[PDB]
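> Pasting an experimental structure with its sequence.
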Amino acid sequence: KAXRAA
Amino acid sequence: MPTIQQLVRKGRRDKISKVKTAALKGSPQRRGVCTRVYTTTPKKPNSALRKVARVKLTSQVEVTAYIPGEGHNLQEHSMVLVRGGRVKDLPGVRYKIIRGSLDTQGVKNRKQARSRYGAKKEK
Amino acid sequence: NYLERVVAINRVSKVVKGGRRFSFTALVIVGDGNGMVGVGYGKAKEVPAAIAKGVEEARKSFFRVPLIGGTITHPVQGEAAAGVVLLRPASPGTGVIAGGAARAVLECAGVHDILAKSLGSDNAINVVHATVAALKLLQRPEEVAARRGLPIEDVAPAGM
Amino acid sequence: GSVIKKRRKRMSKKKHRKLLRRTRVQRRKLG
Amino acid sequence: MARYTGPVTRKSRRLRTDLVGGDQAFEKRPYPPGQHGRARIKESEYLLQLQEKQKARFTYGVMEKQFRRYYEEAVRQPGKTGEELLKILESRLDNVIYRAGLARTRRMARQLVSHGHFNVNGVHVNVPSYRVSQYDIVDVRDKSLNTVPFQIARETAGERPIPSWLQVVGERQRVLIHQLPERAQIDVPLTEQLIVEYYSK
Amino acid sequence: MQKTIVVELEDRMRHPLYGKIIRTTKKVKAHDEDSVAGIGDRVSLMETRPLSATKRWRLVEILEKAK
Amino acid sequence: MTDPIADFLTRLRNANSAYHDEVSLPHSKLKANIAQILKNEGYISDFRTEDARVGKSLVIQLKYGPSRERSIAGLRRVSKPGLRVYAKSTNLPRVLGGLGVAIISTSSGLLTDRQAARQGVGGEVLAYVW
RNA sequence: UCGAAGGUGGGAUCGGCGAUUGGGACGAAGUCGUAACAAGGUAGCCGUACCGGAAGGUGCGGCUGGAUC
RNA sequence: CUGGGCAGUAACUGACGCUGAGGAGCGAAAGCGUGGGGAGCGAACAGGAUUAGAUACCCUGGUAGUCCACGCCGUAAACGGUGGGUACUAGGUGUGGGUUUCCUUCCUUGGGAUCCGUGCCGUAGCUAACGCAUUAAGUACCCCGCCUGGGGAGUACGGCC
RNA sequence: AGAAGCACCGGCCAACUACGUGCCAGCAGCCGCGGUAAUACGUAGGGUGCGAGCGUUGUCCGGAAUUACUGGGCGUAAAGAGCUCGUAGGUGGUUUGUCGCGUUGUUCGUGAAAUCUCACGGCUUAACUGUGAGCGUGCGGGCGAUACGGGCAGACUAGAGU
RNA sequence: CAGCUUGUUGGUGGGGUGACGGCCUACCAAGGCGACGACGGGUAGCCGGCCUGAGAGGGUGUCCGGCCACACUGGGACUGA
């Protein structure tokens, strides 16, 4: 996937 | 403003340029405890990992310092000598450490720019 | 025949439905070393063609400077439509100081004693135009004698 | 257009006012 | 704060002119300073003016830090600053000896002076940079006799025309300066104004 | 104030840089043993030894009396 | 309404810009004396001390004639009613060396820069003629 | 008499901690909408009041940095 | 009932002028208090339609409100996006008010002069350009006011209302 | 014989060819480079600059006319208070004569020395020191004029007002 | 930070002081400062001068030199020119 946004 | 009489009524003052550091009253360089080594990602148009650490200075303040050169010998300790500089790609980065000073060793196998990265003459 | 000085080239673009039309142009100036200085801009797809056109424009337009030896009469405020350049004789001078490409103009003029500085816009083109304006605002003592009688009586121990 | 200069302030005041209509009461009045 | 101490071809070709020469009139080579020097090069006022400053620097063999001191002095003085620079440089001891032709090279002239071969009015000086005024007579060191570069040097003195502002006795080589050292009026192989402007930016 | 008169000291000085001439207004204590002046009158004052809180000024001359 | 010198001079600036014939203005002491000085310099043409009805008047002739070229470059007033500027005899204006004649009011009266230098006396620097 | 240091007691002022809480900023591809730029599909805007989860919408009045004309 | 302004006259004073921080006052619509009124309209609201969805448009009906008496808040393109005053500089064309000349009836109530105000086009000049241009965004003085990268923010802490 | 190193090298900004490398590693003061052919990363070599100093960081000034007296702006670029009034303060027409406060000119004192400029001279030169002059922008006192400003006394009138 | 000020403001008298002096002090009067920034907060030894800058100005005031204050903290006094 993600961690940031996405 | 104009109107000399207005200038006497009210004096003048320039745009205050901010103090660019909290390095112990802006003293050139300071000793850091050197903790919390992370290798974080800069802004989108960079595609790289850059070595930093959240270290504590003599002011009792946690700051983000850049780790120049390839490699390192740090384990969230081994105090560092911190100096100025910027990156612009790493929001929060405001300081740098000197490789090859106080604890940390210099950068190995570097031949150019011996005066930096803790590098030395072949001796 | 004349000295050549060249201002930093720029690049323009006329956009079309199918993209761009890059074209080059660079302001060029020339001078005989005696103030008879020509200015031409030109423009073309070819760098040399625009250049030659500029040379031709310069040859089509020169101004004769009221120089004294190698310098000017009085200080002048080269206020153009855009640019602003103020400068003074610097009666000793013993050198030529001005900003970028103004100096080139001065070298085409053949002067040796100027203290000048550019203010306002740094867009070199209008900087030049301001310089030109200043020069056209210059005037000789004997031309002042046309404005007012009794010549000679001024403040100029040198002259020559 | 020049309208852009006005929109940021439009939105800013809007969130301010909205934030306070959400608390015109002891949620804010007590402080 | 010390002597260049190296090959001349690296700078004479870099500046695209034989600054001095020596035993050879010039290397009889082209105009590519080094490896890729044969390619054309784009110009700048900084490049150009810099090169001219280097021409004086190596022509006289003085380092920058001292040169700027002389520059300061020239600026302080009235008259054309470039001309003032050259005249100041002409008061240099090694310069008047070189112009007297008492050594194969300027480097040789400075070595001799630096080792005291040419004393002054009453002092065994060893300073290349000593300012030599009017009536500031060079005394040839007595110990320098029975050696080469004063007798053979005298015999070969014709290679450097004596500057018109001074008279060398030859018999005693009493470099006697009569007038001020107006080298600006004679044998100027480079520019001065570009240097004057250069140190202003 | 009983044997002392408040007087407006009028003066004038330029700003160090801008140079604009502006007037300066100070207050003084015209101590004197006999008040012989009203209000608005021009009076000549002179410096002497301190007497009370600074009390340097003294009443000397009455001139250009008020309407 | 104030600063008569500004109207005095700026009316000239309009006339110079437009190449009109002459400028008519209310008469006053300083206006007349200054006009005479400028005439002495030769920047202006002749001028008249007329007197219409309500008070006196002045008429200053525009100086030109070699060509459409006027003989008057322009001007600027430097002592403003609020910024009075006075100078000492040894730091006097050196505006357009010689050319930029400033009119100075000294203990003796109105005069030129050179005359002021010769007398060695300062005073108020009213305005510049270019 | 004066009067330190100290004590009692209450106030002022500055600062730090503070669960929790709101907002702000930033961050390759996050999730539901698609208001704005064309008349941007209901023309947009300023101020004002109400409503909705959001862009926002709505009403009185105002301007053109606005259709057609 | 009552304010203000303009032209002509030049009877009177004889610089008593201009600006104006801080301060005082007036200040659309919306909104708020108390009380009246309440046709129509019409936020909210409800329902129907539309839409994948539509707490929006569309339609129906419809509260507050709009209105009046007395009070508060004192905001907005409260905009000519142009502080006030003063003097000066190509013209022309239209218009409003008033005075006065030639044609003095050629009736025309024309043309012309003059003072204010108004809208247009336009010389110079200015302006980054757009544009302004005798109502200047030109020449030039005085006074006041305001900024000094965008955001964070005209918000927070504080204080006044 | 017995004593040369350091920094940099895409542009800005003198200062480059290749190797290795292959959005990774890693460099960077701003723009920024590296996604298998990097003149911007690591290395060699080449060159440039300075030179027993050379580079980095930090700090102040300038460069910045981006607080603008000299020397900037406010039609749309951020900026003209919503408008008016009016206090303090600012400012204030023609003019006689006056005071000479301001200003100007002169003169005395003052403004220490060292430091700074200039010119000489001395340490083998330089730095440095030394001599002398200048500078010491500036105050008071005294001395003349009175232009302009200002104050007082007063007048005219167009300003403004009635 | 806009209201600060009863030893404050002024006088008389007296003392005291090297000395004029609400310095002190008995009595009497009710003033005084302040938006041409009171009271208060923050920051700081000052200057000749150092550095910058074309200069106007800015920054700084470290050595040297002059001046002022302090001497573990606070307070008071003697001797004494």
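In hand now; what should we look at? Residues are numbered from 1 along each chain as shown, chains lettered A, B, ... in the order given.
> got the residues of chain D near RNA strand H?
Residues of chain D lying close to RNA strand H (Cβ under 7 Å from any atom of the strand) are D:1-3, D:6-7, D:9-11, D:13-15, D:17-19, D:21. (Each C-beta comes from the backbone N, C-alpha and C, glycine too.)
> 6 Å - rerun?
D:2-3, D:6-7, D:10-11, D:13, D:15, D:18-19, D:21 (Cβ under 6 Å from any atom of the strand).
> same thing with chain E?
Checking chain E against RNA strand H by Cβ under 6 Å from any atom of the strand, there are no hits.
> okay, which residue of chain E is out on the far edge from center?
residue E:39 (31.1 Å; Cα atoms, centre = their mean).
> Can you tell me the SS state at that residue?
Secondary structure assignment for residue E:39 (DSSP: H, G, I helix; E, B strand; the rest coil): coil.
> can you tell me which residues contact it?
residue E:32 (Cβ atoms under 8 Å, 6 or more residues apart in numbering or on different chains).
> quick one: it and residue E:120, what's the gap?
49 Å (Cβ to Cβ, to the nearest Å).
> and what of residue F:23?
Residue F:23 is 69 Å from residue E:120, by Cβ to Cβ.
> neighbour-wise, which of the two wins?
Using other Cβ atoms under 10 Å in any protein chain shown as the criterion, residue F:23 and residue E:120 rank with residue E:120 on top: 16 against 8.
> and that one, backbone torsions?
phi -120, psi -170 (degrees, to the nearest 10).
> shouldn't it be in contact with residue E:137?
Yes. Using Cβ atoms under 8 Å, residue E:120 is in contact with residue E:137, at 7.1 Å.
> what about the residue in chain E that RNA strand I sits nearest to, distance to residue E:195?
Nearest to RNA strand I, among the residues of chain E, is residue E:201, at 27.0 Å (Cβ to the nearest atom of the strand). Counting by Cβ to Cβ, the gap from residue E:201 to residue E:195 is 12 Å.
> List the contacts of the nearest residue to residue C:35 once chain neighbours are set aside.
Leaving out its chain neighbours, the residue that sits closest to residue C:35 by Cβ to Cβ, 6 or more residues apart in numbering or on different chains is residue C:65, at 2.8 Å. Shown in contact with residue C:65 (Cβ under 8 Å, 6+ apart): C:34-37, C:72, C:109, C:111, C:135, C:138.
> if we can go back for a sec, take the residues of chain D next to RNA strand H and lay them out in JSON lines including neighbour count.
Formatted as JSON lines, the residues of chain D next to RNA strand H follow (neighbours: other Cβ atoms under 10 Å in any protein chain shown):
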{"residue": "D:2", "neighbour count": "5"}
{"residue": "D:3", "neighbour count": "7"}
{"residue": "D:6", "neighbour count": "10"}
{"residue": "D:7", "neighbour count": "10"}
{"residue": "D:10", "neighbour count": "9"}
{"residue": "D:11", "neighbour count": "10"}
{"residue": "D:13", "neighbour count": "10"}
{"residue": "D:15", "neighbour count": "9"}
{"residue": "D:18", "neighbour count": "9"}
{"residue": "D:19", "neighbour count": "10"}
{"residue": "D:21", "neighbour count": "9"}
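> Of all residues in chain F, which one is closest to chain B?
residue F:18 (5.0 Å; Cβ to the nearest Cβ).
> Look up how far residue G:6 lies from that residue.
Taken as Cβ to Cβ, the span from residue F:18 to residue G:6 is 20 Å.
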